[PDB]
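Protein chains in written order, with the entry's author numbering: chain A, 16 to 50; chain B, 355 to 405; chain C, 15 to 68, 92 to 176, 230 to 808.
Built from N, CA and C at the ideal position, the CB exists for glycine as well.
Take a look at the structure set out below.
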Amino acid sequence: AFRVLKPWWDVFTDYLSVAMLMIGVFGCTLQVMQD
Amino acid sequence: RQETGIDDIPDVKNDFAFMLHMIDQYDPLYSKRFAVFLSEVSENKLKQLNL
Amino acid sequence: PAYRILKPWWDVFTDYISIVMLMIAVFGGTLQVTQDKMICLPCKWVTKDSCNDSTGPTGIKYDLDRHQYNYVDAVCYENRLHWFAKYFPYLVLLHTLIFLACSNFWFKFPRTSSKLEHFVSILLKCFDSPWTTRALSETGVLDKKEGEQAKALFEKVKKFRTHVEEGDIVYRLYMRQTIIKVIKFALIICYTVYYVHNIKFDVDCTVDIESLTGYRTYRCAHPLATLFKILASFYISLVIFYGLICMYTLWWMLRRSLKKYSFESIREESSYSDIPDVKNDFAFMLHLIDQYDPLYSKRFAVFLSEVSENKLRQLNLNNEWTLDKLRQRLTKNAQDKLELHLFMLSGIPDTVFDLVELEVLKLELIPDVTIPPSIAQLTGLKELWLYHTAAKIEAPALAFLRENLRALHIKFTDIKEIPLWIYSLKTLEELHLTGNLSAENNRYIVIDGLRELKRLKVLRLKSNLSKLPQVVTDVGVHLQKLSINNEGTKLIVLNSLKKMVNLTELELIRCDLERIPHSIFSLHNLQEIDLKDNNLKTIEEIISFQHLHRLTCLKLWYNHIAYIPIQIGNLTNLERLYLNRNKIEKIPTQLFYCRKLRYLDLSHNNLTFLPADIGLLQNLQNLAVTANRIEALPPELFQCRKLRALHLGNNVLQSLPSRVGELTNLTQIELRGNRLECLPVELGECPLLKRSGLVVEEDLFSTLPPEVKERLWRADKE
Numbered sequence: 016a017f018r019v020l021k022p023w024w025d026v027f028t029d030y031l032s033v034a035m036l037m038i039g040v041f042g043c044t045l046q047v048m049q050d
Numbered sequence: 355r356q357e358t359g360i361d362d363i364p365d366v367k368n369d370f371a372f373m374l375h376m377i378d379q380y381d382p383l384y385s386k387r388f389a390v391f392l393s394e395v396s397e398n399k400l401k402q403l404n405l
Numbered sequence: 015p016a017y018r019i020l021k022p023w024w025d026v027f028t029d030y031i032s033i034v035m036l037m038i039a040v041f042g043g044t045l046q047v048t049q050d051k052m053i054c055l056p057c058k059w060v061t062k063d064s065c066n067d068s092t093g094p095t096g097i098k099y100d101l102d103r104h105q106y107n108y109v110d111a112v113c114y115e116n117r118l119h120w121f122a123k124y125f126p127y128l129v130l131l132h133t134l135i136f137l138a139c140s141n142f143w144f145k146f147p148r149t150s151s152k153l154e155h156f157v158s159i160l161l162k163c164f165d166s167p168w169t170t171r172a173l174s175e176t230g231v232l233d234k235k236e237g238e239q240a241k242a243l244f245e246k247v248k249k250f251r252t253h254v255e256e257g258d259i260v261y262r263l264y265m266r267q268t269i270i271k272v273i274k275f276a277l278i279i280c281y282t283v284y285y286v287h288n289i290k291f292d293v294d295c296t297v298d299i300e301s302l303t304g305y306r307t308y309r310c311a312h313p314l315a316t317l318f319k320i321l322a323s324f325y326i327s328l329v330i331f332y333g334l335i336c337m338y339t340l341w342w343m344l345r346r347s348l349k350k351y352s353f354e355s356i357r358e359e360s361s362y363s364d365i366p367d368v369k370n371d372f373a374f375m376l377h378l379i380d381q382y383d384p385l386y387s388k389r390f391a392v393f394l395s396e397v398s399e400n401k402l403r404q405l406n407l408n409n410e411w412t413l414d415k416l417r418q419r420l421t422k423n424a425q426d427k428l429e430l431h432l433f434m435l436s437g438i439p440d441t442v443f444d445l446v447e448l449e450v451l452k453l454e455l456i457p458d459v460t461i462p463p464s465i466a467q468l469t470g471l472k473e474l475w476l477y478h479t480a481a482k483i484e485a486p487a488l489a490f491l492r493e494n495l496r497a498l499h500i501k502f503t504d505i506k507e508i509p510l511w512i513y514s515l516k517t518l519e520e521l522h523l524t525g526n527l528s529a530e531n532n533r534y535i536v537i538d539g540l541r542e543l544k545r546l547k548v549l550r551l552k553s554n555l556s557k558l559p560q561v562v563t564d565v566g567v568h569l570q571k572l573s574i575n576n577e578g579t580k581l582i583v584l585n586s587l588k589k590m591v592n593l594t595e596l597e598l599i600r601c602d603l604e605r606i607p608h609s610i611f612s613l614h615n616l617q618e619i620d621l622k623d624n625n626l627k628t629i630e631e632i633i634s635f636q637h638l639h640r641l642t643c644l645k646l647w648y649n650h651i652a653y654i655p656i657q658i659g660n661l662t663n664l665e666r667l668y669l670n671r672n673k674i675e676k677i678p679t680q681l682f683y684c685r686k687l688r689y690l691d692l693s694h695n696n697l698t699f700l701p702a703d704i705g706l707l708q709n710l711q712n713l714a715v716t717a718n719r720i721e722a723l724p725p726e727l728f729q730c731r732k733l734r735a736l737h738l739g740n741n742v743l744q745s746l747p748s749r750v751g752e753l754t755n756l757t758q759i760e761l762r763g764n765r766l767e768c769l770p771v772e773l774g775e776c777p778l779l780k781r782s783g784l785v786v787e788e789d790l791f792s793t794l795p796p797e798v799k800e801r802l803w804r805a806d807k808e
């Protein structure tokens with residue numbers, strides 16, 4: 016239902032998406048604080 | 355059809371083919387276990403056993 | 015979840031080492047984000063673009102604004118700080134992330150993850166199967235439902251063995267991941283320790299900004315540089331531990347060669363010989379689970395045991411059968427003997443041993459069972475029939491059958507299908523054998539133990555033999571009856587048939603004799619004889635049958651006999667005769683000299699008349715002349731008032747003489763196929779006439795009076 020629809024490339028894209036979300040949020044935080 | 359000798363499960367439409375390809379990429383055996391209930395000869399076997 | 019057991023001890027240790035490394039890297043990163051600064055102060059005496067370092094002391098006044106201090110601090114931090122010193126925590130975080138990705142590589146990859154989840158589920162259920170612990174305890231009565239559960243477990247085990255034993259995929263992926271982890275540890279442990287020295291508390295930067303400041307060289311302080319050195323040492327110590335663990339893993343894997351599971355110690359200890367060594371993608375996982383827990387291996391081994399599977403199937407076989415179904419399955423043969431014929435049945439359900447009323451047991455296509463002692467409970471068994479089974483026996487079973495067996499019948503395609511302990515049964519009296527036992531240069535040698543069967547009396551042979559067996563001839567001293575069915579093969583007596591003088595009956599059907607050897611006449615105790623399908627054309631030798639004073643019956647039917655030799659008139663001792671399926675055309679008067687004749691079957695012949703001497707044969711009671719040229723009936727036919735039943739159908743008989751009423755004992759009559767027009771009224775006055783005993787067409791029967799029909803139907807209902 017939530018796991019069987021995901022091929023390997025789907026998992027890798029999801030991981031890259033999570034990493035990009037972390038990158039964007041961290042960049043926003045750094046711009047807020049120290050920029 | 356070659357293995358179980360059941361000439362049924364002839365083909366599918368576009369949507370069923372799409373879903374079946376995605377299942378095969380996820381796992382090559384779940385499609386084999388899923389197509390049994392589409393088999394006509396298997397359905398005959400189940401009907402005969404139940405009867 | 016349940017994947018805890020998959021991880022080796024070193025896997026958990028790597029997990030926690032990575033956890034610690036990620037924690038310290040995150041702490042270092044968040045500290046560098048906020049509290050990381052550098053404090054810079056210029057140098058006034060600048061020689062060679064460097065700090066020359068040339092009444093209370095007074096403060097040195099650089100006359101610089103705090104904003105200028107901030108600008109120079111930022112510029113010096115950017116230009117003249119080691120990049121590794123600026124990005125150690127982010128690099129460590131990236132390395133932890135890639136380590137985690139490599140660790141969950143095979144785990145987050147669905148291709149192998151499907152195999153892993155199936156394997157862990159099957160291993161879990163095989164460890165916890167109720168039947169596995171029972172089988173281990175065997176070193230019983232079971233539920234049918236648990237039998238189905240264990241049976242489906244065996245089916246899934248076979249399916250999974252077919253599916254994954256071939257693969258060898260997860261092994262390759264884990265090997266690649268281990269290689270990546272080891273080499274990455276080596277790379278980081280190399281370059282990090284190469285560049286560790288660059289993190290120093292004090293730095294000297296000459297960014298050459300004089301249009302804004304006037305100064306050239308600056309000495310600066312990085313407070314966390316000692317702290318970052320501590321973090322680097324701690325992290326690289328963690329890296330050393332991770333690399334030691336990874337090298338241990340890879341070396342153990344290379345030394346192990348776990349593509350085939352040895353599997354011989356467990357089966358050797360438990361004597362479960364059916365525990366074969368499994369191939370790659372099954373041995374590797376088995377070894378990993380053994381690393382977690384060796385016992386889990388054995389808890390699965392018993393379900394790869396074919397002996398265990400067969401035992402479970404036998405338990406299910408015993409569960410299925412109910413004594414009532416065998417009771418309804420008990421039948422009565424033509425010998426009034428209770429029969430339970432087990433056919434194409436996998437094994438013995440011991441419940442069949444409770445019905446002592448079983449008189450005859452017939453076994454066919456039953457795979458090589460062994461008789462348990464409980465057969466001793468079957469008192470009534472006297473005759474046995476085994477068809478194509480190389481069955482074994484137990485000593486109590488052999489002892490019970492040694493005195494509780496009377497007849498035995500075997501139908502075998504191959505010699506080995508005969509158990510060899512047959513010669514130990516001393517109460518055997520009738521033995522029947524079917525199938526080609528013929529061998530070359532050792533024929534009649536496998537059956538040499540018949541001499542041990544002292545009480546053997548009857549013997550039936552269906553083996554297409556061409557020579558009389560020597561052991562059979564020797565054992566014929568106490569045989570009273572011998573039957574041979576060579577079914578096509580011509581047999582030579584070799585004069586060895588006369589040594590069984592005690593013989594009383596002799597049957598040679600389809601033996602293609604084509605002639606009567608003299609030795610047959612030597613059997614003084616012989617009374618009946620059948621020589622069907624021996625292609626007999628001339629039977630004038632019957633004159634020597636004067637030798638047999640107890641010559642009661644004779645059969646030479648299904649032959650070429652077209653004429654009757656008169657010497658049978660000497661054979662007055664005959665009481666029955668059957669020479670049908672021949673080409674006999676006339677009945678000599680001399681045949682009527684055997685007045686003791688009681689039964690005849692001369693059907694399927696060229697006969698066209700009945701001689702008036704039938705009144706001579708007053709002892710006759712049954713005669714068949716079907717498929718002949720009979721169109722006339724003598725009055726003397728009706729002179730035998732004790733004639734019970736007749737088979738006279740399918741002839742050219744125009745009319746039935748009215749003297750049929752003289753047949754007072756006439757019970758059954760066949761007239762179907764006769765060219766009759768009116769049934770005689772005196773046929774309807776016979777006391778023993780019944781519609782069942784009246785085989786005649788309805789149209790010709792309708793010529794009878796209606797009262798005759800009514801009485802016939804009334805006797806049919808009564």
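Quiz item: If you drop the 5 nearest sequence neighbours on each side, which residues of the same chain put their C-beta closer than 8 angstroms to that of residue 806 of chain C?
Solution: Contacts found: 780, 781 and 782.
Practice problem: Please confirm if residue 158 of chain C has its CB atom under 8 angstroms from at least one CB of chain B. | Solution: Taking Cβ atoms only, chain B never reaches closer than 8 angstroms to residue 158 of chain C, which makes this a no.
Quiz item: For chain C, is any of its Cβ atoms less than 8 angstroms away from the one on residue 45 of chain A?
Solution: Yes, its Cβ sits closer than 8 angstroms to a Cβ of chain C.
Quiz item: Does any residue of chain C bring its CB to less than 8 angstroms from the CB of residue 24 of chain A?
Solution: Answer no: the Cβ-Cβ gap between residue 24 of chain A and chain C never drops below 8 angstroms.
Self-check item: Residue from C:421, C:544 and C:269 with nearest C-alpha to residue 341 of chain C
Solution: Nearest option by C-alpha distance: C:269.
Quiz prompt | Where the alpha helix (DSSP H) through residue 170 of chain C begins and ends | solution = Counting along the chain, the alpha helix (DSSP H) containing residue 170 of chain C begins and ends at 167 to 175.
Quiz item: What are the complete beta strand (DSSP E) segments, minimum 3 residues, inside the stretch 278 to 319 of chain C?
Solution: The qualifying runs are 292 to 295 and 308 to 311.
Self-check item: In chain order, each beta strand (DSSP E) run of at least 3 residues that lies wholly inside the stretch 546 to 584 of chain C
Solution: Listed in chain order, they are 548 to 552 and 571 to 574.
Exercise. Let me know the secondary structure DSSP gives residue 666 of chain C once reduced to three states.
Key: Here residue 666 of chain C sits in strand by DSSP.
Exercise. Identify the continuous alpha helix (DSSP H) that holds residue 33 of chain C and give its terminal residues.
Key: Its alpha helix (DSSP H) spans residues 23 to 48.
Quiz item: Whose Cβ in chain B lies nearer than 9 angstroms to the Cβ of residue 147 of chain C?
Solution: The contacting residues are 379, 380 and 381.
Self-check item: Straight-line gap, residue 785 of chain C to residue 425 of chain C (C-alpha atoms, nearest Å)
Solution: If I take the Cα positions, the gap works out to 27 angstroms.
Exercise. Under 8 angstroms by Cβ, that's how I've got residue 693 of chain C and residue 650 of chain C pegged, so tell me the actual separation to the nearest angstrom.
Key: The beta carbons of residue 693 of chain C and residue 650 of chain C sit about 16 angstroms from each other, so the pair does not count as a contact at 8 angstroms.
Quiz item: Apart from the five residues on each side of it in sequence, which residues of its chain come closer than 6 angstroms, Cβ to Cβ, to residue 524 of chain C?
Solution: Result list for residue 524 of chain C: 501 and 552, in chain order.
Practice problem: Would you kindly work out how many angstroms separate the C-alpha atoms of residue 571 of chain C and residue 592 of chain C, rounded to a whole number? | Solution: Near 8 angstroms, if we compare the C-alpha coordinates of residue 592 of chain C and residue 571 of chain C.
Quiz prompt | Straight-line gap, residue 577 of chain C to residue 604 of chain C (C-alpha atoms, nearest Å) | solution = Residue 577 of chain C and residue 604 of chain C have their C-alpha atoms roughly 13 angstroms apart.
Self-check item: Closer than 8 angstroms at the beta carbon, the chain C residues around residue 48 of chain A
Solution: Per Cβ cutoff of 8 angstroms: 47 and 48.
Quiz item: Does the beta carbon of residue 19 of chain A come closer than 8 angstroms to any beta carbon on chain B?
Solution: In terms of beta-carbon proximity, residue 19 of chain A lines the interface with chain B, with at least one pair separated by less than 8 angstroms.
Self-check item: Proximity of residue 389 of chain C and residue 169 of chain C at Cβ, strictly below 8 angstroms
Solution: Yes. Within cutoff.
Exercise. Pull up the distance between the alpha-carbon of residue 141 of chain C and that of residue 57 of chain C, whole angstroms please.
Key: Cα to Cα, the separation comes out at about 54 angstroms.
Quiz item: Do residue 260 of chain C and residue 433 of chain C have their CB atoms nearer than 8 angstroms?
Solution: A distance of 8 angstroms or more separates the beta carbons of residue 260 of chain C and residue 433 of chain C.
Quiz item: Does the Cβ of residue 768 of chain C have 16 or more other Cβ atoms within 10 Å, making it buried, or fewer, making it exposed?
Solution: The Cβ neighbour count for residue 768 of chain C, taken over all protein chains shown within 10 Å, is under 16; the residue is labelled exposed.
Quiz item: Between C:509, C:317 and C:465, which lies nearest to residue 491 of chain C when the distance is taken from Cα to Cα?
Solution: Each of C:509, C:317 and C:465 was checked against the Cα of residue 491 of chain C, and the nearest Cα belongs to C:465.
Quiz item: Can you tell which of C:647, C:640, C:616 and C:661 has its C-alpha closest to the C-alpha of residue 631 of chain C?
Solution: Nearest option by C-alpha distance: C:661.
Practice problem: Less than 8 angstroms between the CB atoms is what I'm expecting for residue 149 of chain C and residue 36 of chain C, so what's the real figure, rounded? | Solution: With 8 angstroms as the limit, residue 149 of chain C and residue 36 of chain C do not qualify as a contact, their Cβ atoms being about 25 angstroms apart.
Quiz item: Rounded to a whole number of angstroms, what is the C-alpha to C-alpha distance between residue 174 of chain C and residue 398 of chain C?
Solution: Approximately 12 angstroms, taken between the alpha carbons.
Exercise. Just the chain B side, please: which residues come within less than 8 angstroms of residue 253 of chain C by C-beta, in chain order?
Key: The answer, in chain order, is 383.
Quiz item: Got a sec? Which residues, its chain only, sit under 6 angstroms from residue 612 of chain C by beta carbon, not counting five neighbours each side?
Solution: Counting only Cβ-Cβ distances below 6 angstroms, and skipping sequence neighbours, we find 588.
Practice problem: Assign residue 617 of chain C to one of two classes, buried (16 or more other C-beta atoms within 10 Å of its C-beta) or exposed (fewer than that). | Solution: Flag for residue 617 of chain C reads buried.
Quiz item: Would you call the CB atoms of residue 579 of chain C and residue 554 of chain C closer than 8 angstroms?
Solution: Contact flag set, yes.
Practice problem: Would you mind stating whether residue 451 of chain C and residue 430 of chain C have Cβ atoms separated by less than 8 angstroms? | Solution: It is a contact, given that the beta carbons lie within the stated cut-off.
Quiz item: Name the chain B residues that come within less than 9 angstroms of residue 846 of chain C, Cβ to Cβ?
Solution: No statement about residue 846 of chain C is possible, as the shown extent of chain C runs from 15 to 808 and does not include it.
Quiz item: Whose CA, out of C:689, C:469 and C:244, lies closest to the CA of residue 444 of chain C?
Solution: Residue C:469 is the option with its Cα nearest to residue 444 of chain C.
Practice problem: Confirm, please, whether the CB-CB distance from residue 512 of chain C to residue 481 of chain C is below 8 angstroms. | Solution: No.
Quiz item: Mind checking residue 629 of chain C: buried by the 16 CB within 10 Å criterion, or exposed?
Solution: So residue 629 of chain C ends up on the buried side.
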